[PDB]
Structure formats: structure tokens, C-alpha cells
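This chain uses plain numbering: 1 for the first residue, then up along the sequence.
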Amino acid sequence: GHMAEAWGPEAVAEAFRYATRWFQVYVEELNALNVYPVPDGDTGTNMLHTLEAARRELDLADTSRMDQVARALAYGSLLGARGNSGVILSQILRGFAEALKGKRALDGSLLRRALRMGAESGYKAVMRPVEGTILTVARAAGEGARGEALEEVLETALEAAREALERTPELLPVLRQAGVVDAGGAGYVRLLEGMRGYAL
Ligand SMILES: Nc1ncnc2c1ncn2[C@@H]1O[C@H](COP(=O)(O)OP(=O)(O)O)[C@@H](O)[C@H]1O
Ligand SMILES: [Mg+2]
Ligand SMILES: [Mg+2]
């Protein structure tokens with residue numbers, strides 16, 4: 001039977017495929033926001049290449065098993081990771097995959113755990129983390145994910161992420177001086193937005 005408020009392994013794979021297709025519209029905007037640590041206009045391109053490599057790996061895997069979906073997500077994202085945002089994103093996805101290992105379906109409760117473990121894995125991966133960044137936005141999303149149904153969890157996680165994103169120039173002066181929010185954190189918002197679109 002269908003679980004209504006839970007994704008099977010095939011649906012989890014489709015969610016990330018959907019989110020990848022969603023992401024491409026926002027690439028040019030993310031590039032133009034990129035001021036930290038250097039303004040070289042590539043955050044959107046870097047994050048998209050990371051996502052696209054995860055999708056290529058999922059297409060080669062047996063997405064009927066949750067442990068194979070998790071393996072493809074971590075392994076693909078690492079190889080395709082580009083730049084600081086891509087490396088961090090790949091390690092966020094590795095923590096997300098870790099929460100999926102040993103589980104048969106992704107429900108609201110596991111999605112909270114996955115978002116929280118993703119943020120911690122991304123934080124541990126950076127040698128010297130800085131706040132006002134993708135790390136701050138990813139952590140807020142996991143902390144603010146509430147509810148039992150997927151849709152409520154994604155909605156509350158997204159709202160907490162958008163709220164943290166607006167506060168990034170308050171924490172990082174280079175963002176305030178340039179009048180932008182963090183490009184990496186904005187990319188993570190767009191990724192959560194795509195996931196909500198799949199679940200809606
Ligand atoms: N030390 C750090 N701590 C937290 N986040 C970081 C750090 N360094 C970079 N980032 C994230 O990476 C984003 C920049 O991504 P990107 O442009 O791909 O990096 P690069 O400088 O390699 O081009 C920033 O907006 C920030 O969110
Ligand atoms: Mg850059
Ligand atoms: Mg660069």
C-alpha cells in the first residue's frame with residue numbers, strides 16, 4: 001500500500017531528480033550573488049554540477065533499494081562537487097544519505113533527522129566554518145523542521161531556512177557591504193524549494 005505521508009526509495013530518487021531540474025532556473029542569480037569568499041560568480045554553476053552528478057549516479061543505481069539511493073547520492077555528489085559550495089553541499093548530502101541508511105521509507109520524522117544530520121555533516125566537513133553561510137541556513141532548516149507529514153516538515157524547514165538566509169548579512173560584513181544575502185545559503189533554499197515542489 002501507499003503511505004501518503006512517506007516516500008519510498010523510488011520517490012526519494014525522483015525528489016532529487018526533480019530538485020535538480022528545478023535548480024537550473026536559479027543558477028544565473030546565484031552566480032551574481034557570489035561575493036564570499038571571493039566574488040568570482042560561480043556559486044550557482046558549482047552547486048548545479050554537484051547536483052547533476054548525483055542525478056547521473058542515481059540513474060545508474062537500483063533505486064528500488066533505499067541503501068542504493070543513499071549510496072548514489074553521496075558518491076555522485078562527491079565526484080561532481082565543485083568549489084566551496086559544491087564540496088559543502090556534497091557533505092550535507094552525505095549526512096542526509098547517512099540518515100537514509102538502514103531505513104525503508106522517508107517520513108516526516110526521518111526527514112527532520114536527515115536535514116539535521118546533513119547540516120552537522122556539512123559543518124564537520126569545513127576546516128574552519130564561518131557563520132552567515134550555507135552552514136547557518138542548513139542548520140536552521142533542520143532545527144526548524146517540525147511536524148509528522150512530509151509536507152509540513154518541508155514547509156517549516158523551508159520557512160526557517162528563508163528566515164536564516166535573510167539574516168546572513170547581519171552576521172557576515174562582506175555580505176552587508178555588498179548588499180546581498182549569502183549565495184551558498186540561497187542555493188540551499190532553492191534546493192529545499194524544489195523538494196517542496198515535488199511533494200506538493
Ligand atoms: N568557511 C566557510 N564556512 C561556511 N560556508 C562557506 C565557507 N566557505 C565558503 N562557504 C560557502 O560557499 C559559498 C561560496 O561558494 P563558491 O562560490 O562555490 O566557492 P568558491 O569560493 O570556491 O567559488 C559561500 O556563499 C558560503 O555559503
Ligand atoms: Mg565562487
Ligand atoms: Mg571559484
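Checking side-chain atoms of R55 against main-chain N and O of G76 turns up no donor-acceptor pair under 3.5 Å. A donor-acceptor distance shorter than 3.5 angstrom exists from the side chain of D182 to the backbone of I134, with no hydrogens or angles considered. A donor-acceptor pair is defined here as one N or O able to donate and one able to accept, closer than 3.5 Å; such a pair exists between the side chain of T156 and the backbone of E152. A donor-acceptor distance shorter than 3.5 angstrom exists from the side chain of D67 to the backbone of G102, with no hydrogens or angles considered.
For the side chain to side chain donor-acceptor pair (under 3.5 Å) criterion with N31, the lone passing option out of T45, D42, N46 is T45.
Rounding to the nearest 0.5 Å places CG of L73 at 4.5 Å from CG of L93.
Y75 shares a hydrophobic cluster with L79; the chain of contacts runs through ILVMFWY side chains whose heavy atoms sit under 4.5 Å apart.
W22 and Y18 have parallel rings, their planes meeting at less than 30° on a 0 to 90° scale where 60° marks the start of perpendicular.
At a cut-off of 3.5 Å, with distance as the only test, no side-chain donor of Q91 or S121 sits close to an acceptor on the other residue.
The shortest side-chain heavy-atom distance between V153 and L150 does not fall under the 4.5 Å cut-off. Inter-residue side-chain proximity for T133 and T168 is flagged as unmet; no heavy-atom pair is nearer than 4.5 Å. Side-chain contact between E52 and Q24 is absent, with no heavy-atom pair separated by less than 4.5 Å. Looking at heavy atoms from C-beta onward, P169 lies in side-chain contact with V181 at the 4.5 angstrom threshold.
Atom CZ of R17 is surrounded by more than 12 heavy atoms from other residues, nucleotides or ligands within 6.0 Å.
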